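Chemist: as a preliminary step, the opening chains of the complex are given here in situ:
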Amino acid sequence: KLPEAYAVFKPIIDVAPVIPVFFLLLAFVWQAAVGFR
Amino acid sequence: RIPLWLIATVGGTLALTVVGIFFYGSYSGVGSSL
Amino acid sequence: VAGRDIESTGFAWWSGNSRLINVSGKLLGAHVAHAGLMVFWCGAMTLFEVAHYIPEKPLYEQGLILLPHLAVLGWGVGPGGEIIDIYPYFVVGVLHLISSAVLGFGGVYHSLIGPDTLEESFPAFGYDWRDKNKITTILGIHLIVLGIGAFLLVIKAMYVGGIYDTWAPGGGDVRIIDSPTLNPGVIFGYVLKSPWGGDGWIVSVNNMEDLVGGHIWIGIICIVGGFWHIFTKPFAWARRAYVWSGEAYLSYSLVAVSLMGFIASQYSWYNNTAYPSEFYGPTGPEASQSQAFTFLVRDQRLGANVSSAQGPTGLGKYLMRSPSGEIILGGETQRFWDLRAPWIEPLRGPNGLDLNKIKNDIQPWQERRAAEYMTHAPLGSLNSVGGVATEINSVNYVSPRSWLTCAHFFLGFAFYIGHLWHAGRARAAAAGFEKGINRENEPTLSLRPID
Amino acid sequence: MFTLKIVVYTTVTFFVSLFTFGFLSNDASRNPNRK
Amino acid sequence: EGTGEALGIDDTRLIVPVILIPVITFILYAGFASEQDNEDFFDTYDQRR
Amino acid sequence: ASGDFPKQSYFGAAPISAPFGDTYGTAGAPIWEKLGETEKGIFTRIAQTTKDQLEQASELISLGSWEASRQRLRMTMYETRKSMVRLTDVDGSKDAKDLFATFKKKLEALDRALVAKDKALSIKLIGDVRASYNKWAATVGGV
């Protein structure tokens, strides 16, 4: 478990490892924003 | 009038949310061994 | 839009990164941002493991894959591979996560607002893919950096705390590797060993002295090679034997990294020294030999003479001879007779498992370890139902060894495919027919017909 | 057994060396677009 | 098998072919190599044979 | 039966089929405490047996058996480090911890000698290991 002083931030750390997947997805939205140049 | 990229973004987000709710129901309640 | 559309580049959005080949600064930003992604995942995932780590179960039963690495490096683990403290894991996680912010800022900078090409504003960093000397200097700098990393592992094992030796006298423990083996005949004896059964190539490291000494050798090799490449240019035999373009270099890196992926997968599957079974769980051979050991102890306790007991087919039910004659555990564990683990070597003599030790001196801790490793075999489903395929849904478990091995075998094969794609494209583009066959000068029509 | 071993080693080394020094002999140039 | 010999070389005889056959192939390759224009070039590959 | 609504919980931990909540530490304080009667007895037994194991290691060294001598230090001694840690913490003494570390380093050096097949250094180091273990034994007391 996290150190006591940090356990309150568990719900953020629970979503923390998964952001790289979103980065890939963000790329597509960016290319969707410029209409797939 | 609504940019289709935003429509696609929100629609895919909602569809992925529905499929994830299906996945949760797969790990919870009836259909789960627990 | 210039340099970022199919009209001005000839690359579609789905080959979008192919527009970065000749844009050196923007490509630098791509690399640095992706390195930020890597360190971000490291920090976030190890923080996730720390948050989900319960002090009751062992690491291998909780689905933890990263904290085992830090435990092996010698942080927050006591004798017997018992994780006593998990604050250094938190420190490593926060350090990686914070460094990810800096690397992400650098990558986004160089990608978006930094100079497109570094070859006019920063000639020291700018390069051309066809300029062999500059590319070799960059390669040599990175080789020196890799050697520094190897020496960092050496410093950790030798001076700063030391690493976890599972083979240590008594139980496995964190100890200083004061005398690494620097003999070339051992370190490069591993490199020239065969990969087949009993040999294992470099997966067969059975002690930390060889590991640390060969990391010293790798550090020396890499630093010497980096200084060699900084002050040298490719020789004529090399200059005619390679395609000198960015895609070719990418394909070379892809094949190397695919080979590394395969080797790492088998490291996690078979090795239990750099991947101790008390952090990553039993190997498959370890679990099978543990089943045989548990039932040997049970039946011996119940009056059977295990050495003289005959199985259905005439072979030993518990103990038999390997094809080379060594006394080994029987049954379908006969294939896994090459297992060597710190819990079973104690009963091993020169000619195999000593029958006197096997009969009179099996300790209770060995039976406990064998039962634990039997019940925690690498078998499991994709939805993490531990046991054989025909088991029921009560045990939620897949070994970290299975996850790591399968993932890295997958990525190794995928990166071999990537190598094949990129090497073929590099050759075709260098020769100049990666877009199609020229209708004007078709080579086949000039060729004489066969038959 | 050893005779078969050395014969197989001879054959394997022969073909591997041919492969090695053949692809090292400026194989990239052997394309129809050269010159 | 499973002994750990380097390249399976348990007998010293095995080395004679393993080292010499590449050397004869290397000697034949050197006649090709010495005939080539071995100066540098600025291209993705060498078009001179 | 004919109009009975299915049960429905919206991410609730109350239902029997809900996966939320911890499995351990929910229904009371643990029965187990560190250094109980049976576990202290087990560690005491292991520490007492380690003397004989060391003596057998010295005998194997004297006879030149290298595999058996190495395995003697990991056979009935694989729990020596944990037992010594647990009893040293009971003692709570600096000199006990120093002798503990000294025994560990001497044992590692003895192993490094045994792989080298150095008979003289092996004999010297098993003697030193036994002396250090007996010193720690007299220190922590009860063994």
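Modeler: That came through fine. Residues are numbered from 1 along each chain as shown, chains lettered A, B, ... in the order given.
Chemist: so residue B:31 makes contact with residue B:22?
Modeler: No - contact criterion C-beta atoms under 8 Å: residue B:31 and residue B:22 do not qualify, at 10.1 Å. Placement of C-beta: from N, CA and C, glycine included.
Chemist: alongside chain D, which residues does chain E contribute?
Modeler: Within chain E, the positions adjacent to chain D are E:11, E:13-14, E:17-18, E:21-22, E:25-26, E:28-29, E:32-33, E:36, E:45-49 by C-beta under 8 Å from any C-beta of the partner chain.
Chemist: of the residues you listed, buried ones?
Modeler: Listed as buried from the residues of chain E next to chain D are E:14, E:17, E:18, E:21, E:22, E:25, E:29, E:33, E:36, E:45, E:46, E:47; burial here means 16 or more other C-beta atoms under 10 Å in any protein chain shown.
Chemist: in which helix or strand does the third one reside?
Modeler: Which is residue E:18. Using DSSP states H and E, the secondary-structure element containing residue E:18 is helix E:15-34.
Chemist: quick one: residues contacting the residue in chain E that chain B sits nearest to.
Modeler: Per C-beta to the nearest C-beta, residue E:44 is where chain E lies closest to chain B, at 38.3 Å. With contacts defined as C-beta atoms under 8 Å, 6 or more residues apart in numbering or on different chains, residue E:44 is in contact with C:129, C:130, C:243, C:244, C:245, C:248, C:426, C:429, C:430.
Chemist: quick one, helices of chain F?
Modeler: F:37-63, F:66-72, F:80-91, F:94-116, F:119-140 (DSSP state H).
Chemist: using PDB, write out the CA atom coordinates for the last one.
Modeler: Just to be clear, that refers to helix F:119-140. Backbone C-alpha positions of helix F:119-140 (Å, rounded to 0.1, in the frame of the first residue of the first chain) are rendered in PDB as follows:
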ATOM      1  CA  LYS F 119      41.100 -26.700   1.300                       C
ATOM      2  CA  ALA F 120      43.200 -24.600   3.600                       C
ATOM      3  CA  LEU F 121      41.100 -21.400   3.300                       C
ATOM      4  CA  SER F 122      38.000 -23.600   3.500                       C
ATOM      5  CA  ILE F 123      39.100 -25.100   6.800                       C
ATOM      6  CA  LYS F 124      40.100 -21.700   8.200                       C
ATOM      7  CA  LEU F 125      36.900 -20.100   7.200                       C
ATOM      8  CA  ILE F 126      34.600 -22.900   8.500                       C
ATOM      9  CA  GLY F 127      36.500 -22.600  11.800                       C
ATOM     10  CA  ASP F 128      36.000 -18.800  11.800                       C
ATOM     11  CA  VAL F 129      32.300 -19.300  10.900                       C
ATOM     12  CA  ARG F 130      31.700 -21.700  13.700                       C
ATOM     13  CA  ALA F 131      33.500 -19.400  16.200                       C
ATOM     14  CA  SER F 132      31.400 -16.400  15.100                       C
ATOM     15  CA  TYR F 133      28.200 -18.400  15.300                       C
ATOM     16  CA  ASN F 134      29.000 -19.600  18.800                       C
ATOM     17  CA  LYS F 135      29.800 -16.000  19.800                       C
ATOM     18  CA  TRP F 136      26.500 -14.800  18.500                       C
ATOM     19  CA  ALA F 137      24.800 -17.700  20.300                       C
ATOM     20  CA  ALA F 138      26.400 -16.700  23.600                       C
ATOM     21  CA  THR F 139      25.400 -13.100  22.900                       C
ATOM     22  CA  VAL F 140      21.600 -13.500  22.100                       C
END
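Chemist: now for chain G:
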Amino acid sequence: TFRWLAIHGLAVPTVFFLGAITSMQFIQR
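Modeler: So that you can see how it sits with the rest, here is chain G on the chains above:
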């Protein structure tokens, strides 16, 4: 209305069944 008929014959059962399925995830035995 044939376009309406086809697309909505596909759609209306689809959304109805998806709502039923998302509810069915919560039956909780």
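Chemist: one step back: got the contact list for the helix holding residue E:18?
Modeler: C:236-237, D:6, D:9-10, D:13-14, D:17-18, D:20-21, D:24-25, E:7, E:9.
Chemist: how far does it sit from its chain's centre?
Modeler: Computed by C-alpha atoms, centre = their mean, to the nearest Å, the chain-centroid distance of helix E:15-34 equals 6 Å.
Chemist: on that earlier part again, from the contacts of helix E:15-34, which two are the most distant?
Modeler: The most widely separated members of the contacts of helix E:15-34, counting by C-beta to C-beta, are C:236 and D:6 (34.7 Å).
Chemist: what is the burial count for residue C:374?
Modeler: 19 (other C-beta atoms under 10 Å in any protein chain shown).
Chemist: tell me how far it lies from chain E.
Modeler: In this view, residue C:374 and chain E are 25 Å apart by C-beta to the nearest C-beta, to the nearest Å.
Chemist: name the SS class of that residue, please.
Modeler: helix (DSSP: H, G, I helix; E, B strand; the rest coil).
Chemist: I'd say it and residue C:287 touch.
Modeler: Yes - between residue C:374 and residue C:287 there is a contact under C-beta under 8 Å: 5.9 Å.
Chemist: element containing residue C:396, please.
Modeler: Short version, using DSSP H and E: residue C:396 is in no helix or strand.
Chemist: I'd say it and residue F:19 touch.
Modeler: No - Residue C:396 lies out of contact with residue F:19 (C-beta under 8 Å); the separation is 10.5 Å.
Chemist: pick out whichever of those two has more residues nearby.
Modeler: A count of neighbours by other C-beta under 10 Å puts residue C:396 above the other of residue C:396 and residue F:19, at 15 against 12.
Chemist: from residue D:11, how far out is the more buried one?
Modeler: Per C-beta to C-beta, to the nearest Å, residue C:396 is found 53 Å from residue D:11.
Chemist: over to residue C:56?
Modeler: With C-beta to C-beta as the criterion, residue C:56 and residue D:11 are 60 Å apart.
Chemist: now do residue F:40
Modeler: 68 Å.
Chemist: just residue F:79 next, same as before
Modeler: 55 Å.
Chemist: and if you look at residue C:421?
Modeler: To residue D:11, residue C:421 is 33 Å away according to C-beta to C-beta.
Chemist: what are the ranges of the helices in chain B?
Modeler: In chain B, the helices defined using DSSP H lie at B:4-26.
Chemist: build in chain H:
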Amino acid sequence: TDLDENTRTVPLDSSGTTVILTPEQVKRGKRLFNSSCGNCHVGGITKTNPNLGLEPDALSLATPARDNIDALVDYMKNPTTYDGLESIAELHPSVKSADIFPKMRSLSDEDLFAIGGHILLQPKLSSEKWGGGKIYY
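Modeler: Putting chain H together with the chains above:
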């Protein structure tokens, strides 16, 4: 049928007294059984020693009889052989041997009660599955 009290009533002591487990108790017992001993005792069997399973026939014929909550709970702290003559606390998970069995360290008296309730509740759920093995999967 619901998880009625007829299913949830299990023998408590050796004399014959019964106890009605609560749904929280059986839920916690199932979770604790699957987490602490499922690896060897999935399905009411014993992977390491299949001669002695958790089916009610084996528990009833044990010495002392282990077909009740108090006897099971005592086994979880003072485990013995099938004839009750030798202590196997060094080879079995017990709360008194939790340092060498780190899964039993967090269990309380109520946790042991719930685990025993799960064990005694299972055979009522299936005619032969609990302790039956592959033949009834």
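Chemist: re-run the earlier check on the neighbour count of residue C:374 with chain H in the model.
Modeler: 23.
Chemist: what's the answer for residue G:22, then?
Modeler: Around residue G:22 there are 14 residues (other C-beta under 10 Å).
Chemist: can you check residue A:19 too?
Modeler: Residues near residue A:19, counting by other C-beta under 10 Å, number 14.
Chemist: what do you get for residue C:233?
Modeler: Counted with other C-beta under 10 Å, residue C:233 comes out at 13.
Chemist: what about the closest residue to residue F:28 other than its chain neighbours, neighbour count?
Modeler: Closest residue to residue F:28 apart from its sequence neighbours, by C-beta to C-beta, 6 or more residues apart in numbering or on different chains: residue H:108 at 3.2 Å. Neighbours of residue H:108 under the rule other C-beta under 10 Å: 18.
Chemist: contact partners for residue H:108?
Modeler: With C-beta under 8 Å, 6+ apart, residue H:108 has these contacts: F:27, F:28, F:29, F:30, F:31.
Chemist: do the same with residue H:71
Modeler: Per C-beta under 8 Å, 6+ apart, neighbours of residue H:71: H:14, H:59, H:64, H:65.
Chemist: circling back: what are the phi and psi values at the residue nearest to residue F:28?
Modeler: phi -100, psi -180 (degrees, to the nearest 10).
Chemist: quick check: the gap between it and chain A.
Modeler: In terms of C-beta to the nearest C-beta, residue H:108 sits 19 Å off from chain A.
Chemist: next, work out how far apart that residue and residue G:11 are.
Modeler: Distance of residue H:108 to residue G:11, computed by C-beta to C-beta: 55 Å.
Chemist: list the contacts of residue A:36.
Modeler: Contacts of residue A:36 (C-beta under 8 Å, 6+ apart): residue C:13.
Chemist: so it lies in a strand, does it not?
Modeler: No - according to three-state DSSP, the state of residue A:36 is coil, so it is not within a strand.
Chemist: rewinding a little: with respect to chain D, which of the contacts of residue H:108 is nearest?
Modeler: residue F:30 (64.0 Å).
Chemist: got a list of what the residue nearest to that closest one when sequence neighbours are not counted touches?
Modeler: Sequence neighbours aside, residue H:106 is the residue nearest to residue F:30 in space, at 5.2 Å (criterion: C-beta to C-beta, 6+ apart). With contacts defined as C-beta under 8 Å, 6+ apart, residue H:106 is in contact with C:56, F:24, F:25, F:30, F:32.
Chemist: residues contacting the fourth one?
Modeler: Read that as residue F:30. H:95, H:98, H:105, H:106, H:107, H:108.
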